[PDB]
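Below is one structure, written out as structure tokens, with a few remarks after it.
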Amino acid sequence: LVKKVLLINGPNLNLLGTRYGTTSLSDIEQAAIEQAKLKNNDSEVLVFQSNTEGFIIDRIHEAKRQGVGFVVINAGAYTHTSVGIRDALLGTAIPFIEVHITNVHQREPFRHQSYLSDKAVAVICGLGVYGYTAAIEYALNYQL
Amino acid sequence: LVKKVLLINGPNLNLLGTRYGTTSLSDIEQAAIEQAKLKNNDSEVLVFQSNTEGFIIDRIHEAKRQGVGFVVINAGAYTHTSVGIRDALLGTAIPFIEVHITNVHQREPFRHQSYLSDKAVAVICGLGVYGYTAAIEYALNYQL
Amino acid sequence: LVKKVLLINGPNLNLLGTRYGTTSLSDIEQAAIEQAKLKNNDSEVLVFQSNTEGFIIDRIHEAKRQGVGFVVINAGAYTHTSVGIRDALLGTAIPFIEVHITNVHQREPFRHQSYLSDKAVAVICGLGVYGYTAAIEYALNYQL
Amino acid sequence: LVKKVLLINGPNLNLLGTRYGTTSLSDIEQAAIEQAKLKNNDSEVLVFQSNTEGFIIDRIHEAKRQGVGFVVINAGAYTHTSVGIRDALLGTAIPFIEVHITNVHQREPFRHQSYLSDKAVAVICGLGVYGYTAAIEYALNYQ
Amino acid sequence: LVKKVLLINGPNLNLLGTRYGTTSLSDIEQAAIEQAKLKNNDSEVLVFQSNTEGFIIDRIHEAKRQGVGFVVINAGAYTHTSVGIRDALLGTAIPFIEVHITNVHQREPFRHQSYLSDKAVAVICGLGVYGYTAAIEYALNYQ
Amino acid sequence: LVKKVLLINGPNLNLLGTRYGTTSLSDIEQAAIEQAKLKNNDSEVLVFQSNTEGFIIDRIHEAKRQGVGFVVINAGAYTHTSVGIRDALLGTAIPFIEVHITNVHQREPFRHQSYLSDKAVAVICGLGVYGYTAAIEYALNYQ
Amino acid sequence: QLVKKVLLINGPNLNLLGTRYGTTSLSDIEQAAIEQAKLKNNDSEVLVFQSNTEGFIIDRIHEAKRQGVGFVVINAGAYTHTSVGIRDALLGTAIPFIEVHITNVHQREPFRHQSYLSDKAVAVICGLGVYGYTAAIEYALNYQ
Amino acid sequence: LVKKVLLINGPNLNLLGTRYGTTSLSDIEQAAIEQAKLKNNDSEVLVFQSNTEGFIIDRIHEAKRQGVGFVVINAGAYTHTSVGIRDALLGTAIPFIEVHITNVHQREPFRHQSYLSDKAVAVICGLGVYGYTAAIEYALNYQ
Amino acid sequence: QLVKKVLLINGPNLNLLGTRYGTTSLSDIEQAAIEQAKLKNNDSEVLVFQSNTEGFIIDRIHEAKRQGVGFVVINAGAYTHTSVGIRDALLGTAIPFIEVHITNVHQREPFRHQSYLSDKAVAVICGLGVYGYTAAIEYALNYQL
Amino acid sequence: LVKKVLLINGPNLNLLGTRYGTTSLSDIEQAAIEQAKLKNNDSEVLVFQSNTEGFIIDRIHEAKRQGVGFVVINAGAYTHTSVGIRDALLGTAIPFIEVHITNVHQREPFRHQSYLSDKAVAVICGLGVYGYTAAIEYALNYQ
Amino acid sequence: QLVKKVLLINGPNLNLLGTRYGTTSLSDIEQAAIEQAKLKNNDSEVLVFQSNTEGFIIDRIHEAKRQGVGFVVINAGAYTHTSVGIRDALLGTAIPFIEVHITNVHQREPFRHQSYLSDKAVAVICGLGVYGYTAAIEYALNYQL
Amino acid sequence: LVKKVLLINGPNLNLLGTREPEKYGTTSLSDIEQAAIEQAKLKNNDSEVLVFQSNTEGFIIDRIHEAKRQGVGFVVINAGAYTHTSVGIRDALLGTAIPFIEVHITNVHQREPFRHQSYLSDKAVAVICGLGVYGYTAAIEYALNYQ
């Protein structure tokens, strides 16, 4: 049963929500950190965001070294474009759930393809920032 | 916020799990009925399952006629095939979440297309039975 | 010269117009009946609606045994998914007209496919409810 | 309530029915001029036919200078090839109905694409010549 | 060795042959029943036909409840559109054979797609009604 | 047998050969006129070229009034784009042969599609200017 | 009035059955077929052919026509997906035919789903194992 | 470097902008004329507009004949349908720039394919009416 | 100078015309071609070949190079649509060629629209019936070497 | 009107033209800086180039923080592959024009897809370096 | 233990290298490979085959199995793009194989980018010139049974 | 002949040894690099192989530029994932005009269709794929012998 979970957010996700509710990246991350703290059995949620593909891959490599046992990832645009992230998650063999805040199926068809869905444990989309909470409950419940 | 959610499971879903955890349709429906009751506050989850497309359309008209304010739906095979169910939801104007117990993106490509996906609030898939639970949390916090 | 005409409407048609002018399914049916009576030569239009594919197929079967000479059909969603309805029409050998109240060509690409059009005598589409009236005028003047 | 309708037929339509019942283009046009005549209230149906794409565009342009409120068009072959005719109807903002005498869905897959349908108010096909009468009734009743 | 075989006919099949021999669904149902009697070894063929998808699914479910060990199915139209029936067969885990009386490959390219073939044990198409007999012979020898 | 043949050339072909040998449109037209005249049996080849689709359809219509019994056509770009010409040949019911001077399959993918080839008696393409001669022999021998 | 002379043709690689799933050999299938016919008291016959070379199979079909063969039962193996020349020879000699496959090709790589025989075959039996041939010979020996 | 330039506008462009600001085709044609007059070095910009494919092909041919060195062209609908125009600019060998007032990639995906882009010297599009000015500056500066 | 030696190849099943739609046999065609050259009365020649086997037609094309053949007129029949190998034989010996189809292939099943020859042939005549061959031979006999 | 404009150039662009006319990236950057000074009203053009997708994303976020009013961007390869750059421009809501020095439609089919075009204000491609000058002129005139 | 008996197969047209782009011939490549095994000095052997006829290459694969060939290195030429029959022969006899192209097919017509061998091959080397064959044989000769 | 060869390995390749060993083997990236370096040493004519690996697209592009500056005359590259996604790498290789060979350790053609497209293959001198680590050695022989 998983104690170490890493939340990753991809490009542009630092900009929520400067433009549709004031919910920021900082919020999501915090709520995730606190989610685990509150199980009080040393679960931990580590957090990372970047706009660089390679850096997200670097972070995933790091995660394995770190004994991270699950990843909740919202790869933002990189979902549609990055085989590299897919190969990283496969490569280090860490199970993961793909999060999208909005319903991608509502948008441009290029967004309906993902390089993560078919290898994710699960894909949550359009559940809002709550979608990160649901993934993290799943994660903290998953057998090593 | 919503007070009346309706859970629909489509064809074959009565068969779980006769064949991969001995978790029944019956269990899912129950857990959900409970989920709302435990919210203390006049929330309620009605349940339906049919093998027949027409009858599921019928149930969706029925749901509007009785003020159902949100649907959580696993259409099973019908996700890939039922334009009629999409139009029943659209035509009654009830928001909905598509559930899939398993991760469809892992399966045959025909199962990658859904006629519900681009009109749903969200689509949760591969989160196991838990996915009904998170659809229901969301539903019960959705404003009318 | 055709006496017995059967108007069929498909799934969700029961629902006009509760959401765009207060023109109900019931109205269309009535108008269609009166059209045939108001012809004075013992013409007649029978009416049917269902949300179930199988039921529409059955109704087309009895329509043969009942000697119906022509069918005017708004199949609603089943236009795009029902090879059964198509085969029933071919199988009983009743000529038909496909009706769409609104212009399907304005809508999502999937709705441009029909399983009726290439077998229909005509396709009227976007002419509003008057679509029915023109189909029936045409029906009534077609040679048995 | 619309009063000035223009019936447009595209290429080859001049040749019905020289090859399935003696019904000429000239009949369809006459029936349509007379249909408005009978409405009894200062409706009018103007008629046009050409085999030239630019000419049909030219016509649609002048339709708007003339205050045509609605078009009923059978673009013939141009249904499947003419973005310009689509753009003319859009550019002058005249609502329209698309008519085909026979049921194109019965014919070659190339004829299943139209550059009109998705901008048309309605599309009637396979209703035979009655298709035109039906479009006009509709036209004469619109906003 | 399999003792209980279910024969399912889909939508419109009740209509053979009203219009291409004098062979009805009732006949095909009856051949099939006798065929298993004649074997002598308490084999059994149960029959079903329905126009409704959900009802054919409902039946496949019942079929497991009943110990049916093989299904010979001519899904008619539903071969091309019914993922629900596919999942019923997979979900009850009853091995099956897809029959078509006529040769689907000779027809509209949409009829070449099936939701059954890739999971069927065999597909027989165009062998006429005998198509059913072959499928039952095979059924009655499966382990 | 056919006596009256119409040679049509589509857009731009007025410009051979100004850029892969010196042969001009009026050379080709000359040769066709004489090919038929030199039969010595009151055969006749009429010639036409235009850059306007509409006018090429007009001409194919006149050709029917004229009793023209076969058409040899090189439609230039219109091959790839004009259902209207297709439908004029079909609508007047004149049989025709499609001629491209250069081998079109050697060129851009779009030029592989034609709206004439599936309705033509034949397609000669890449046989140089002589393609027009072979088409006219063939024409002049048809029923 | 029924067919007497029948040609069983098997294509490339089929000599190799079953040397890798159970010891039923090509010669087995060929002998069973010969004996199927003789067992009819009535002068039917099965001729047998196998070849790895396309041209030779096409030559054999020409020869079959010279010999007054009224029906071919063919398993073209790999050539089913690649030989227009074989399809054109059956069409060319106007001999009817049933296409056989021992295993269910629909189960396999999508390229194997397309045939140059199916749309001109009388029937396609595929996946009925070896009995596939037997049933094709019954049908054949009963044909117009 | 190039002295004589032909600005062509295709179907429907006569209508700008009667319907989205008051810049008329005529304003554009003028500015372009004036643009080349101001260079004072003897440049010149001829202008043409038509709704008929054939006529634009004719015009392109005459421009060759009168030593036009560059063509700035907004073909409207014809970009997406006219292989005939492509073949005219190719056949008279005159370099050319494709202009679109509005950003075409924002619209219906059919308007994404163009039978000019891939042979044009440049494609300017969505830069508004200035699209024409820059095409011409570029034109007037070209070997 | 001009091409003096021309090989006519016919592919599979074409031995069968017209046993099934006028009595014009494969042999009639080959004779006619042979006669066409002889009649230029100048030491031109048409050599004729037909097989049902892809390999053998590839072989024949190789031989043709050895023999100094300078042009091929080919009706590959069904191999038109399936045979990369014939295409590469013609490319690899670098003999120029004309594709001939007796009937109009564009009138038939969509798969017959594709050819592995058309984009490398000097020309493709198709639908001009048997005269297709005569025309390809006139062209070939006038081609510059 | 806009005062602060950002010139972004993507990967490989620092290599011009080290292989097709000596015009370096520096040259283009200065021209652009200069264009704005000479407007004499404190318009300002900022410049940035990177071969790293993440970093161009960083830059666009930074531009927003700096109150950049408009972006003129040649994303080089990243045009065809980077949903991230598009979402950064969408995310910060800075209007932009896409530049390509060469005419990309002349090149491989993949270079015909852009993840910028349908969201850009305009797309200039093939005017060579003047392309940047035009995009900047336009930019500095945007309200 | 390790593969002792390797079969080198070359498909249609390859017999014509290099008659048109450097003088290296089929025979050269064959000889080179025969010697490669000889030098290992451990009773390894390369057998060689070329044919333009598909069926004959299918037959050669069967014969190989009967002979106990344990690896095939094949440049099918054009048949790569068109022969399910060849593919099914290597699958059928279960001999592991490597697909060679002398030149880089990915640089050529798009049809040449599809192979019926690649997804079943151990590796595919292309554009590595005639060395391609040598690299394939080195690998073969180290492959465990 | 060529003297300076640059071996580039793309993202994830640094995990050779651990990464998906059923598919990629258990020889580390470091061993592949050392083997390459020594391959050139042994040609005994002052050939040299230089090595580079990054998870970052931009960094690989930077490196390819750096290589023209240092007179590298040939590239042997396993772009990893970037084979299927990086037009930018392709443009860097084309912009510096350095010849290259595309290496795949596994046979990509047995894998997901996405992996059958490459943005290097059609411009590479050769593509070697599925020869496992030997792949690298053979691309390096090829380079060291190239004009």
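Each chain in the structure tokens gets a letter, A, B, ..., in the order shown, and its residues are numbered from 1; ligands are numbered from 1 in order too.
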Write out as a PyMOL selection string each polymer residue whose atoms come within 6 Å of residue F:124, counting only C-alpha atoms; drop sequence neighbours fewer than 3 positions from it.
(chain F and resi 99+131) or (chain I and resi 125)
Interface residues on chain F facing chain I, 12 Å, only C-alpha atoms, written as a ChimeraX atom specification
/F:96-109,111-139,141-142
Restrict the selected residues to N, CA and C atoms and save them as a short mmCIF file (atom, residue, chain, number, x, y, z; two decimals), in the first residue's frame.
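So result_30.cif came out as:
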data_model
loop_
_atom_site.label_atom_id
_atom_site.label_comp_id
_atom_site.auth_asym_id
_atom_site.auth_seq_id
_atom_site.Cartn_x
_atom_site.Cartn_y
_atom_site.Cartn_z
N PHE F 96 -17.12 9.56 -74.83
CA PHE F 96 -15.95 10.42 -74.88
C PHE F 96 -14.70 9.68 -74.52
N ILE F 97 -13.54 10.23 -74.90
CA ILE F 97 -12.20 9.76 -74.45
C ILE F 97 -11.46 10.94 -73.82
N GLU F 98 -10.79 10.71 -72.69
CA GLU F 98 -10.04 11.68 -71.91
C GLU F 98 -8.58 11.53 -72.35
N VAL F 99 -7.93 12.66 -72.65
CA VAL F 99 -6.57 12.65 -73.20
C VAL F 99 -5.73 13.54 -72.33
N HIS F 100 -4.64 13.10 -71.73
CA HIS F 100 -3.67 14.03 -71.21
C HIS F 100 -2.42 13.86 -72.04
N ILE F 101 -1.79 14.97 -72.42
CA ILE F 101 -0.59 14.93 -73.24
C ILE F 101 0.57 14.32 -72.44
N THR F 102 0.67 14.65 -71.15
CA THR F 102 1.82 14.20 -70.39
C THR F 102 1.30 13.17 -69.42
N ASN F 103 2.13 12.29 -68.91
CA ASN F 103 1.62 11.29 -68.01
C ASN F 103 1.33 11.91 -66.67
N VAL F 104 0.06 12.15 -66.46
CA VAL F 104 -0.46 12.74 -65.26
C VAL F 104 -0.08 11.98 -63.97
N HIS F 105 0.12 10.66 -64.02
CA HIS F 105 0.39 9.87 -62.80
C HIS F 105 1.76 10.13 -62.36
N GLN F 106 2.48 10.94 -63.13
CA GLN F 106 3.88 11.23 -62.79
C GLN F 106 3.95 12.44 -61.94
N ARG F 107 2.80 13.05 -61.71
CA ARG F 107 2.71 14.33 -61.10
C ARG F 107 2.11 14.27 -59.68
N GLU F 108 1.55 15.38 -59.23
CA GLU F 108 1.14 15.52 -57.84
C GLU F 108 -0.04 14.60 -57.72
N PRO F 109 -0.09 13.86 -56.58
CA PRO F 109 -1.20 13.16 -56.08
C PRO F 109 -2.56 13.74 -56.50
N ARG F 111 -3.54 14.97 -58.99
CA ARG F 111 -3.82 14.88 -60.39
C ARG F 111 -4.11 13.47 -60.76
N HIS F 112 -4.04 12.59 -59.79
CA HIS F 112 -4.43 11.20 -60.00
C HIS F 112 -5.96 11.04 -60.05
N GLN F 113 -6.74 11.77 -59.23
CA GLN F 113 -8.22 11.85 -59.33
C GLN F 113 -8.69 12.50 -60.58
N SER F 114 -9.71 11.95 -61.19
CA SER F 114 -10.34 12.61 -62.31
C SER F 114 -11.85 12.44 -62.21
N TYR F 115 -12.62 13.47 -62.51
CA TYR F 115 -14.06 13.26 -62.68
C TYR F 115 -14.48 12.77 -64.07
N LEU F 116 -13.53 12.42 -64.96
CA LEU F 116 -13.93 11.88 -66.23
C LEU F 116 -13.66 10.39 -66.44
N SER F 117 -12.56 9.90 -65.91
CA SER F 117 -12.10 8.54 -66.18
C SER F 117 -13.07 7.43 -65.93
N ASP F 118 -13.90 7.49 -64.91
CA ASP F 118 -14.78 6.34 -64.75
C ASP F 118 -16.01 6.33 -65.67
N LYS F 119 -16.20 7.41 -66.40
CA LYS F 119 -17.30 7.47 -67.32
C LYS F 119 -16.89 7.45 -68.76
N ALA F 120 -15.60 7.53 -69.03
CA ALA F 120 -15.07 7.63 -70.39
C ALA F 120 -14.99 6.27 -71.02
N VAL F 121 -15.11 6.21 -72.35
CA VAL F 121 -14.86 4.96 -73.03
C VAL F 121 -13.42 4.54 -72.71
N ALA F 122 -12.48 5.49 -72.86
CA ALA F 122 -10.99 5.33 -72.53
C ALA F 122 -10.27 6.57 -71.95
N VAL F 123 -9.11 6.32 -71.36
CA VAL F 123 -8.15 7.40 -70.97
C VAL F 123 -6.78 7.09 -71.58
N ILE F 124 -6.31 7.93 -72.49
CA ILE F 124 -4.92 7.92 -72.97
C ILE F 124 -4.22 9.02 -72.22
N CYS F 125 -3.07 8.73 -71.68
CA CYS F 125 -2.43 9.80 -70.96
C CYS F 125 -0.92 9.57 -70.97
N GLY F 126 -0.23 10.57 -71.50
CA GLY F 126 1.24 10.59 -71.54
C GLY F 126 1.82 10.13 -72.86
N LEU F 127 0.93 10.01 -73.83
CA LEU F 127 1.29 9.44 -75.09
C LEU F 127 1.64 10.61 -76.02
N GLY F 128 1.97 11.76 -75.39
CA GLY F 128 2.29 12.99 -76.07
C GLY F 128 1.09 13.47 -76.87
N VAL F 129 1.36 14.34 -77.80
CA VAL F 129 0.30 14.89 -78.67
C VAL F 129 -0.44 13.81 -79.52
N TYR F 130 0.29 12.75 -79.81
CA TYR F 130 -0.24 11.63 -80.50
C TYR F 130 -1.45 11.00 -79.79
N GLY F 131 -1.55 11.19 -78.46
CA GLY F 131 -2.73 10.76 -77.74
C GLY F 131 -4.01 11.28 -78.42
N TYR F 132 -4.00 12.53 -78.88
CA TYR F 132 -5.13 13.02 -79.61
C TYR F 132 -5.31 12.21 -80.91
N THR F 133 -4.24 11.85 -81.62
CA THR F 133 -4.52 11.07 -82.83
C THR F 133 -5.20 9.69 -82.51
N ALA F 134 -4.63 8.94 -81.56
CA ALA F 134 -5.19 7.63 -81.25
C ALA F 134 -6.70 7.77 -80.80
N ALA F 135 -6.99 8.69 -79.88
CA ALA F 135 -8.38 8.95 -79.59
C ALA F 135 -9.25 9.17 -80.84
N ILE F 136 -8.81 9.97 -81.80
CA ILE F 136 -9.66 10.20 -82.95
C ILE F 136 -9.84 8.95 -83.85
N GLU F 137 -8.80 8.14 -84.06
CA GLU F 137 -8.98 6.87 -84.73
C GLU F 137 -10.05 6.08 -84.02
N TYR F 138 -9.98 6.06 -82.71
CA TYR F 138 -10.82 5.15 -81.98
C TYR F 138 -12.27 5.60 -82.18
N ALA F 139 -12.44 6.92 -82.08
CA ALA F 139 -13.70 7.66 -82.14
C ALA F 139 -14.33 7.35 -83.41
N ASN F 141 -13.91 5.02 -85.31
CA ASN F 141 -14.43 3.66 -85.49
C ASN F 141 -15.55 3.13 -84.61
N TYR F 142 -16.17 3.95 -83.78
CA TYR F 142 -17.13 3.52 -82.77
C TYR F 142 -18.56 3.51 -83.37
#
Counting only C-alpha atoms, a student should be able to say which residues of chain F come within 12 Å of chain H; what is the right answer, written as number ranges by chain?
F: 10-20, 49-56, 75-82, 108, 110-111
Could you name the residues that touch residue G:35 at 12 Å or less, counting only C-alpha atoms, but leaving out those on the same chain fewer than 3 positions away, as a PyMOL selection string?
chain G and resi 28-32+38-41+43-48+134+137
Deliver the residues from the most recent selection as a file, using C-alpha atoms, as a compact mmCIF listing (two decimals), in the first residue's frame.
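part.txt, written as the output of this step:
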# COMPACT_ATOMS: atom_id res chain seq x y z
CA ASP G 28 -4.92 -35.54 -44.34
CA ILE G 29 -7.15 -32.71 -45.52
CA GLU G 30 -6.59 -33.71 -49.16
CA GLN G 31 -7.37 -37.38 -48.57
CA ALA G 32 -10.50 -36.65 -46.47
CA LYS G 38 -16.19 -41.16 -53.47
CA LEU G 39 -18.50 -41.80 -50.56
CA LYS G 40 -21.45 -40.63 -52.60
CA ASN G 41 -21.90 -43.73 -54.78
CA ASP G 43 -19.19 -40.30 -59.57
CA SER G 44 -18.39 -37.00 -57.83
CA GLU G 45 -14.73 -36.28 -57.49
CA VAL G 46 -12.36 -34.02 -55.67
CA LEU G 47 -9.17 -32.93 -57.40
CA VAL G 48 -6.35 -31.63 -55.15
CA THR G 134 -15.53 -30.62 -45.32
CA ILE G 137 -17.16 -29.72 -50.02
Starting from chain K, keep only residues with some atom at most 12 Å from an atom of chain I, counting only C-alpha atoms, and report them as a ChimeraX atom specification.
/K:11-21,50-57,76-84,109,111-112,115
In stretch 1-78 of chain B, DSSP strand (DSSP E) residues written as a PyMOL selection string:
chain B and resi 4-9+44-49+70-74
Quick one: of I:9, I:24, I:70, I:65, who's nearest to residue I:145, counting only C-alpha atoms?
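When distances to residue I:145 are compared using only C-alpha atoms, the smallest one comes from I:70.
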If the cut-off is 10 Å, can you tell me the residues of chain G near chain E, counting only C-alpha atoms? I'd like them as a ChimeraX atom specification.
/G:98,100-108,113-115,117-129,131-132,134-136,138-140
Output the selection as a compact mmCIF listing (two decimals), in the first residue's frame - N, CA, C and O atoms for each residue.
# COMPACT_ATOMS: atom_id res chain seq x y z
N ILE G 98 -15.64 -21.44 -52.91
CA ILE G 98 -15.75 -21.05 -51.51
C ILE G 98 -14.35 -20.88 -51.00
O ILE G 98 -13.48 -21.66 -51.34
N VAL G 100 -11.77 -20.94 -48.04
CA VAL G 100 -11.68 -21.48 -46.68
C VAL G 100 -10.47 -20.93 -45.91
O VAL G 100 -9.43 -20.71 -46.53
N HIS G 101 -10.65 -20.68 -44.60
CA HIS G 101 -9.53 -20.46 -43.66
C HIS G 101 -9.61 -21.40 -42.46
O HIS G 101 -10.63 -21.46 -41.83
N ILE G 102 -8.56 -22.14 -42.14
CA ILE G 102 -8.61 -23.06 -41.01
C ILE G 102 -8.83 -22.31 -39.70
O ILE G 102 -9.63 -22.76 -38.84
N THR G 103 -8.16 -21.18 -39.51
CA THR G 103 -8.28 -20.49 -38.23
C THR G 103 -9.04 -19.24 -38.44
O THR G 103 -9.21 -18.83 -39.56
N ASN G 104 -9.49 -18.57 -37.39
CA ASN G 104 -10.31 -17.37 -37.64
C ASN G 104 -9.47 -16.12 -37.94
O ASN G 104 -8.94 -15.49 -37.00
N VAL G 105 -9.35 -15.75 -39.21
CA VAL G 105 -8.44 -14.68 -39.59
C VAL G 105 -8.83 -13.37 -38.92
O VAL G 105 -8.00 -12.46 -38.77
N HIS G 106 -10.10 -13.23 -38.52
CA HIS G 106 -10.56 -11.95 -37.92
C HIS G 106 -9.89 -11.75 -36.59
O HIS G 106 -9.84 -10.64 -36.07
N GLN G 107 -9.35 -12.84 -36.08
CA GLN G 107 -8.68 -12.79 -34.81
C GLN G 107 -7.29 -12.18 -34.85
O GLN G 107 -6.78 -11.82 -33.82
N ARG G 108 -6.76 -12.04 -36.07
CA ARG G 108 -5.37 -11.75 -36.38
C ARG G 108 -5.02 -10.29 -36.79
O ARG G 108 -5.73 -9.37 -36.47
N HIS G 113 -7.75 -9.15 -42.47
CA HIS G 113 -9.16 -8.92 -42.56
C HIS G 113 -9.65 -8.60 -43.99
O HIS G 113 -10.83 -8.70 -44.25
N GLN G 114 -8.75 -8.23 -44.91
CA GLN G 114 -9.12 -7.92 -46.29
C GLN G 114 -8.77 -9.07 -47.18
O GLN G 114 -7.68 -9.57 -47.07
N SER G 115 -9.67 -9.43 -48.10
CA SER G 115 -9.43 -10.53 -49.01
C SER G 115 -9.60 -10.11 -50.46
O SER G 115 -10.40 -9.26 -50.73
N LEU G 117 -10.68 -12.46 -52.42
CA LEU G 117 -11.64 -13.44 -52.78
C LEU G 117 -13.09 -13.25 -52.19
O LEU G 117 -14.11 -13.47 -52.86
N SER G 118 -13.20 -12.81 -50.96
CA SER G 118 -14.52 -12.81 -50.29
C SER G 118 -15.68 -12.22 -51.09
O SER G 118 -16.78 -12.80 -51.12
N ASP G 119 -15.48 -11.09 -51.74
CA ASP G 119 -16.63 -10.48 -52.36
C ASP G 119 -17.06 -11.17 -53.60
O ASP G 119 -18.19 -10.94 -54.04
N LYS G 120 -16.20 -12.03 -54.17
CA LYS G 120 -16.65 -12.87 -55.30
C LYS G 120 -16.83 -14.35 -54.93
O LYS G 120 -17.28 -15.16 -55.72
N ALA G 121 -16.42 -14.73 -53.75
CA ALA G 121 -16.68 -16.06 -53.32
C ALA G 121 -18.20 -16.38 -53.23
O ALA G 121 -18.99 -15.48 -52.99
N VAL G 122 -18.60 -17.65 -53.41
CA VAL G 122 -19.95 -18.00 -52.97
C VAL G 122 -20.05 -17.86 -51.42
O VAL G 122 -20.82 -17.08 -50.92
N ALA G 123 -19.26 -18.59 -50.65
CA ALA G 123 -19.20 -18.36 -49.21
C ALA G 123 -17.78 -18.22 -48.70
O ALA G 123 -16.80 -18.61 -49.38
N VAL G 124 -17.68 -17.70 -47.49
CA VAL G 124 -16.40 -17.68 -46.78
C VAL G 124 -16.60 -18.37 -45.45
O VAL G 124 -17.37 -17.91 -44.63
N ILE G 125 -15.93 -19.49 -45.27
CA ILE G 125 -15.88 -20.18 -44.01
C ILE G 125 -14.51 -19.95 -43.44
O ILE G 125 -13.48 -20.15 -44.11
N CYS G 126 -14.44 -19.55 -42.20
CA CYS G 126 -13.14 -19.28 -41.66
C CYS G 126 -13.21 -19.44 -40.16
O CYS G 126 -14.10 -18.91 -39.53
N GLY G 127 -12.31 -20.27 -39.65
CA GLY G 127 -12.15 -20.57 -38.26
C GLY G 127 -12.83 -21.85 -37.83
O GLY G 127 -13.01 -22.10 -36.63
N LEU G 128 -13.25 -22.67 -38.78
CA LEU G 128 -14.04 -23.85 -38.39
C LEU G 128 -13.10 -25.04 -38.27
O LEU G 128 -13.51 -26.20 -38.34
N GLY G 129 -11.80 -24.70 -38.13
CA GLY G 129 -10.70 -25.62 -38.27
C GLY G 129 -10.86 -26.42 -39.53
O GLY G 129 -11.29 -25.92 -40.54
N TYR G 131 -12.68 -28.95 -40.50
CA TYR G 131 -14.04 -29.22 -40.90
C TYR G 131 -14.52 -28.12 -41.88
O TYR G 131 -15.40 -28.33 -42.73
N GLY G 132 -13.86 -26.96 -41.78
CA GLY G 132 -14.07 -25.90 -42.72
C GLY G 132 -14.13 -26.38 -44.17
O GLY G 132 -15.10 -26.09 -44.86
N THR G 134 -14.45 -29.61 -45.15
CA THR G 134 -15.53 -30.62 -45.32
C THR G 134 -16.90 -30.01 -45.70
O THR G 134 -17.58 -30.52 -46.61
N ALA G 135 -17.29 -28.97 -44.95
CA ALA G 135 -18.48 -28.18 -45.13
C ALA G 135 -18.46 -27.47 -46.50
O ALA G 135 -19.42 -27.54 -47.27
N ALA G 136 -17.39 -26.77 -46.83
CA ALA G 136 -17.20 -26.34 -48.21
C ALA G 136 -17.36 -27.47 -49.30
O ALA G 136 -17.92 -27.24 -50.42
N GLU G 138 -19.30 -30.27 -48.94
CA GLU G 138 -20.72 -30.62 -48.93
C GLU G 138 -21.48 -29.65 -49.79
O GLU G 138 -22.25 -30.05 -50.66
N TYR G 139 -21.28 -28.37 -49.50
CA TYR G 139 -22.03 -27.33 -50.14
C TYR G 139 -21.87 -27.41 -51.62
O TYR G 139 -22.86 -27.28 -52.38
N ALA G 140 -20.61 -27.61 -51.99
CA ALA G 140 -20.12 -27.62 -53.33
C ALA G 140 -20.78 -28.73 -54.10
O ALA G 140 -21.26 -28.50 -55.18
